[PDB]
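Report on the following structure.
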There are 2 protein chains.
Amino acid sequence: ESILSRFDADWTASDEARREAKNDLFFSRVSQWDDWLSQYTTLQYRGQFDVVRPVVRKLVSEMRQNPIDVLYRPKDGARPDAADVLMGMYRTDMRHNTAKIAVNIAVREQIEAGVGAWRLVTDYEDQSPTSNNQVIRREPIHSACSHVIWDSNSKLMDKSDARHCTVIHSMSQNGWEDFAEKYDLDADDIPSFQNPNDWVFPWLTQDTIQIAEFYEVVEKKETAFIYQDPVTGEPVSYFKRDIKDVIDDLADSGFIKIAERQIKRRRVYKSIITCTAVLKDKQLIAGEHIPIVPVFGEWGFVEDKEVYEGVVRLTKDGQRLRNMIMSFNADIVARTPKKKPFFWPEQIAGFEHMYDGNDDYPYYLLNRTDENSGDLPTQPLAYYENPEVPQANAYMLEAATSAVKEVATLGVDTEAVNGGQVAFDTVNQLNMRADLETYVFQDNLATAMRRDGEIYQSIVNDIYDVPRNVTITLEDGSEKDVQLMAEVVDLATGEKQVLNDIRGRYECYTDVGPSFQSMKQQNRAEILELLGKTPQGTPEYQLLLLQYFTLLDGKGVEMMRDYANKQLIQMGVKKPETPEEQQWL
Amino acid sequence: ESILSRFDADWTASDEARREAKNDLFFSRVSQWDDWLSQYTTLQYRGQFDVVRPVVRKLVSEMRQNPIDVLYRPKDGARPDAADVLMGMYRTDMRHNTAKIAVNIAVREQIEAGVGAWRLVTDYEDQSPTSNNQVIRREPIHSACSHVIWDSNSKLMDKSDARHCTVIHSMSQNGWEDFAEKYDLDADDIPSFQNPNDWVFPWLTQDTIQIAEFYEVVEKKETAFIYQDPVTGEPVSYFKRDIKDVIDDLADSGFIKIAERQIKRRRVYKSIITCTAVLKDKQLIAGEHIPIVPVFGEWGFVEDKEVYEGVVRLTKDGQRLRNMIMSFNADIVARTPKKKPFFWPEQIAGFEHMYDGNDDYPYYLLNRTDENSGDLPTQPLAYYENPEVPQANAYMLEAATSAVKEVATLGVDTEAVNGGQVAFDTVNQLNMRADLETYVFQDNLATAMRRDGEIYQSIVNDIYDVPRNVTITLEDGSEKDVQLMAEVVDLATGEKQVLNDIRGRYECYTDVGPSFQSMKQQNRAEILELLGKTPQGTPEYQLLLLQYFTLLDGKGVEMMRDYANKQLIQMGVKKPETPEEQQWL
């Protein structure tokens, strides 16, 4: 069934769906509103309970340190001379960026429930083409992952992995009426599902017009240097091994290629997991590049239904001990006192004057000639009831509240001293490394100064073979001024998309780890905490006046370059960026 | 049972593991969700009661204190100038933080679950089979949990024994195919292992077809070069060692070989464990090569079934009576019979509209008489509504709260030094010491800078044989372009793979160590407490400029990268290279 496949492949947990996420879904429920499900006659005035919130309100507020500022530390093994563009990465493309808060939108729902990922609009945009200018983006939305069921891998993904599998949302709107610029043929497809509801409740939208987007699903690509069985053409290979150690060169006894193998494999059938209809051909961006990534979740499991591990569910029924004040004064208070002083109001039923409190004072109802017993009293004194034995209820609430002040203890310090980093920071630190992509493996976009010259001038290079003599002008500069004398040699460096095998392009990436950043991030921050760091003395009178800035270099900070231009050469300077001048007089 | 052989080792107890399996899943389940164990008479609303959590917050604590970075200082066996050649390995080493974070749940395995599983790449280099020269680091995996039990030895983790005993992957679905890299066709192996048949029959999930990966039985290997002169002349040597002094000179007796042994592996054609099928052959080179090394916990051994690190405290009675203080507390609230004063409050016969939620007030008809009797007054209200009050339980849970204060005492610490050190430290760091792994080399064939001049066996030593005069370099020159003009230079020693018998010709082994190594501590103390170690002086005007600099490469230090080694004038010796820079200084 290769053609109709990928239906029911989600079959893992759905047989018990009568129960399903009922136990696991309450994080979006218990967050507010109401408690009872099982029992009967939980009624009257309810919905005040809540009050569990603040425990996690400390866990949301760490966002201040979430940035962890670090920018593209180069290496010395790549070419730093190509760094001219690097200094503008955060600048010349995306500069004012709101999405830094969009990380946090995921940060809360994280501890609230699983954290997903959502749709993208291509960052390759607009008009008036320009220089290199690449950085990618993703903006997390709120939830709509609720009944989404995934079985694929769901641990951690650094590299290629599964491409893209399943995206489903129930009763969103978004890009529906925005179809204008994509395809626009019919779009009446709209699969049928059982929409989440329990019993009668029809409050939601019963319109469907659903949308789902898939690419390539749970299969990968492998090549790995194929050489095989050299007789009679070898139909249907369907084989490979690795085992690198054996051979030297088999050319006389075997295969020769002198190239890489060929392309346009009809790509393995997929069908978008549907039994009805489809078209779905050649939706493709550049190469196989697809810069959209799903986000993980923190769930342990043994049985095929992954059970949460959570905080607020600890004390749920444990602190129903609070509702026992609600089970008395709000419920069984119906025992209401109805206090009657009973001694000599004859029979209790008089005219309405009694409880209306009119200005006529005398309350006398009483006259006595009573039943015949004689020489004996009767004592009504006790009357009705009381509040309930106020002892045994004391420690219950105290234990609940104690377990609550436990969750306020996390990485507790006096202050500072290698501060409060915790598990949730280590796991939540970078979606920048889920956004790690800047052509990091898939290389496409490049500077190409003016369209990289489009490599049409090569032949001209050979005009200079003229036999006569080799020499050039007199002393180097005279009128110099504008840049001139471009001759050099055959092609200097490479401009392409990833250039496949040869890697000189991998350098600048994140230092994540301790807060230490290699060059002088804290340089003058020494003074805020304690004192007594930076040495000083005469031999440092060279660069301590200059290079002691923590501010990097601005255009008014260019004074860094005034004293090192010329005179101090005998000490070696740094020989800074500026190519042209190297002279003063 | 035909030639089943070693299988009796790994079958062990598939069924009768009831006792040691049941608790084995117990300590994991009793944390988060429910405990239903032994006693009879279950009741209604249950499963929300945990109170095993706080101590685990005691257990996570400070665990991350152990980066212990180390750089550049192994045991020096050769010239340090390799900084420009091989050390690019170490210079791309820094790329990897990556899946370290994944240990968050992997170290959570220490207190409950079994052997922490760590499996690195299946074969050589995986993707990008080109110049790479990179390092060893880790990407943990989830599953060894419920059914894993190892019964053979149960002593030492470094395993001076057969190395890895057993590999078990079970109760997973997505984990069918890690094997798609090579042949990939379905429905071959289908091994059948024990199943979680628990007690009740239905088992809504039928999943079967467990898989396990494994190789050798009674593996016998070493190099085996020996001396013998029994002059009994038989094959199948059956003597493995030199019992007396031999190697020195046997010449007069005989035994002139100048060769090692030529080994095609003998072993046995039944490899590892066979129920029905068989797997693979034609692989090995040169022994060792098990780069996947799962991470282990701490176990001392007493007798037979061993209890490793105890989890938490007293839990069994204290917390199950926290659940048995729930025996009757709110359960007697339903046993409150709207306790009514008696002697004609009794309303049974009447108009019930008093109970409608609005009051509508008193019951006015009371009158009495009997035959000739005599009677006495009664006390209507007096009874026992007073319960059994947790007077004792208050200081039972508060004194037990002082016990939880006692488990809050670990590794007494204030600030700065004097941390929380315990044995768990040294066991996990013990797991990280054996993790050197591939830092140096992994022995198959060439990973090499330059080997004897491009595989050519002839001319690299042939340059100095030119007739007439062979003289040192002379005669002026202006611009030398690339240096290393060759006259008397030659090659010697050896360039090959595996190094044969000799080890220890190279610099690198594990350089990590105690709490104090880091980047540079030795010259940096200071910010810990109370400033500097060094005075100032007139002859001292050199003054530590070779020392006080702190960390690796930094932007402020650029004077050191070159000119601080360039200036020594009258002496002129700093870690000398001097191919180029200075002439007449």
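Values quoted throughout were computed directly from the atomic coordinates according to the rules given, and no laboratory measurement underlies them. Cβ placement follows ideal geometry from the backbone for every residue including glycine, while neighbour counts extend to all protein chains displayed.
See the values below:
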{"read-out": "Rg to Rh, two decimals, where the protein assembly as shown supplies the alpha carbon set and Rh follows Kirkwood", "value": "1.05"}
{"read-out": "Sorted peptide list for A:388-394, A:140-146, criterion being average Cβ within 10 angstrom, highest first", "value": "A:140-146, A:388-394"}
{"read-out": "Residue-wise HN-Hα coupling along segment B:209-217, computed from phi with Karplus coefficients 6.51, -1.76, 1.60 (Hz; x: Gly, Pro)", "value": "6, 7, 10, 8, 10, 4, 10, 10, 10"}
{"read-out": "Solution diffusion estimate, µm²/s, Stokes-Einstein, segment B:147-204, Kirkwood Rh from C-alpha pairs, 25 °C, viscosity 0.890 mPa s", "value": "161"}
{"read-out": "Extension gain from B:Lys282 to B:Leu321, taking 0.36 nm per residue of separation minus the Cα-Cα distance", "value": "7.9 nm"}
{"read-out": "For segment A:498-514, 3J(HN,Hα) per residue [Karplus equation, 6.51 cos²θ - 1.76 cosθ + 1.60, θ = phi - 60°, Hz, x = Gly/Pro]", "value": "6, 6, 6, 4, 5, 10, x, 8, 8, 9, 7, 8, 7, 8, 3, x, x"}
{"read-out": "Other-chain or far-sequence residues with amide H under 5 Å of A:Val307's (modelled H)", "value": "A:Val302"}
{"read-out": "For segment B:504-572 and segment A:120-190, distance of Cα centres in Å", "value": "51"}
{"read-out": "Global size of segment A:316-463 as Cα Rg and Dmax, reported in angstrom", "value": "42.4, 146"}
{"read-out": "Estimated translational D of chain B in µm²/s (Stokes, Kirkwood radius over Cα pairs; 10 °C; 1.306 mPa s)", "value": "47"}
{"read-out": "C-alpha long axis of helix A:394-407 to longest principal axis of chain A, angle in °", "value": "10"}
{"read-out": "Pseudo-label separations to other copies for B:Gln39 - Cα-to-Cβ vector, 7 Å, nm", "value": "2.1"}
{"read-out": "Inter-label distance, nm, simple model (7 Å from Cα along the C-beta direction), A:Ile527/B:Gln127", "value": "4.9"}
{"read-out": "Leading residue at positive end of dipole, segment A:525-585 (Cβ point charges), from A:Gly532, A:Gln547, A:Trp584", "value": "A:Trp584"}
{"read-out": "Efficiency of FRET between A:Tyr40 and A:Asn153 - r from beta-carbon atoms, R0 35 angstrom, step 0.05", "value": "0.20"}
{"read-out": "Within-12-Å neighbourhood charge of B:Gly47 [Cβ basis; K, R +1; D, E -1]", "value": "0"}
{"read-out": "For peptides A:211-220, B:354-363, A:349-358, sequence by mean Cβ density within 10 Å, most packed first", "value": "A:211-220, B:354-363, A:349-358"}
{"read-out": "Exam field: A:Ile226 pseudo-label spacings to other copies (7 Å along Cα-Cβ), nanometres", "value": "5.0"}
{"read-out": "Exercise: per-residue mean of other protein chain Cβ atoms within 10 Å, A:526-538", "value": "3"}
{"read-out": "Added length on full extension, which subtracts the Cα-Cα distance from 0.36 nm per residue, B:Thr414 to B:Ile136", "value": "96.4 nm"}
{"read-out": "Residues B:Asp331 and A:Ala394, FRET efficiency given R0 of 25 Å [Cβ-Cβ distance, rounded to 0.05]", "value": "0.85"}
{"read-out": "Gap separating the Cα centres of segment B:1-79 and segment A:264-280, nearest whole Å", "value": "44"}
{"read-out": "Long-range HN-HN contacts of B:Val295 with modeled amide H, under 5 Å", "value": "B:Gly116, B:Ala117, B:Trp118"}
{"read-out": "Cross-link reach list, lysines versus B:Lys257, counting only Cα pairs under 25 Å and skipping chain neighbours closer than eight places", "value": "B:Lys220, B:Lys221, B:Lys240, B:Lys244, B:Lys496"}
{"read-out": "Loop-resident sites, segment A:330-367, for trypsin sites (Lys or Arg not before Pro), counting at most 16 other Cβ within 10 Å (DSSP)", "value": "A:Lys338, A:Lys339"}
{"read-out": "Under-5 Å amide H pairs with A:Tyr509, H placed in peptide plane, nonlocal only", "value": "A:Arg73"}
{"read-out": "Stretch gain in nm, segment A:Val460-A:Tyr183, where the contour uses 0.36 nm per residue and the Cα spacing is subtracted", "value": "95.1 nm"}
{"read-out": "Peptides B:109-120, B:70-81 ordered by average Cβ neighbours within 10 Å, highest first", "value": "B:109-120, B:70-81"}
{"read-out": "Shape of segment B:120-217, Cα gyration tensor, a/c cut at 1.5", "value": "oblate"}
{"read-out": "Separation in nanometres of the label points that stand 7 Å from Cα toward Cβ, at A:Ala349 and B:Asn372", "value": "3.5"}
{"read-out": "Rounded to 10°, Cα long-axis angle of helix B:18-32 versus longest principal axis of chain B", "value": "80"}
{"read-out": "Cβ-Cβ FRET estimate between B:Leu25 and B:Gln547, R0 fixed at 41 Å, reported to 0.05", "value": "0.10"}
{"read-out": "At most 15 other Cβ within 10 Å, DSSP loop - chymotrypsin sites (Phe, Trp or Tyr not before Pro), segment A:423-465", "value": "A:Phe441, A:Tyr456"}
{"read-out": "Global geometry of segment A:489-585, whether rounded, prolate or oblate, following the gyration tensor of its Cα atoms and the 1.5 cut on a/c", "value": "oblate"}
{"read-out": "Cα-derived Rg to Rh of segment B:29-72, Kirkwood definition", "value": "1.35"}
{"read-out": "Nm distances between copies for B:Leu366, ranked from closest, using label points 7 Å along Cα→Cβ", "value": "1.5"}
{"read-out": "Anchor A:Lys339: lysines whose Cα lies under 28 Å away (excluding residues fewer than 8 positions away in-chain)", "value": "B:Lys338, B:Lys339, B:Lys340"}
{"read-out": "Listed residues B:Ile141, B:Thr130, B:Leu86: farthest to the positive end of the dipole of segment B:72-163 (Cβ charges)", "value": "B:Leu86"}
{"read-out": "Cleavage-rule hits, GluC sites (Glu not before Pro), segment A:492-585, DSSP coil, Cβ neighbours within 10 Å at most 12", "value": "A:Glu529, A:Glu577, A:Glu580, A:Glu581"}
{"read-out": "Cα gyration tensor category, rounded, prolate or oblate, for segment A:253-321 with a/c compared to 1.5", "value": "prolate"}
{"read-out": "For segment A:534-546, 3J(HN,Hα) per residue [Karplus equation, 6.51 cos²θ - 1.76 cosθ + 1.60, θ = phi - 60°, Hz, x = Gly/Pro]", "value": "5, x, 7, x, 5, x, 8, 5, 6, 9, 6, 5, 9"}
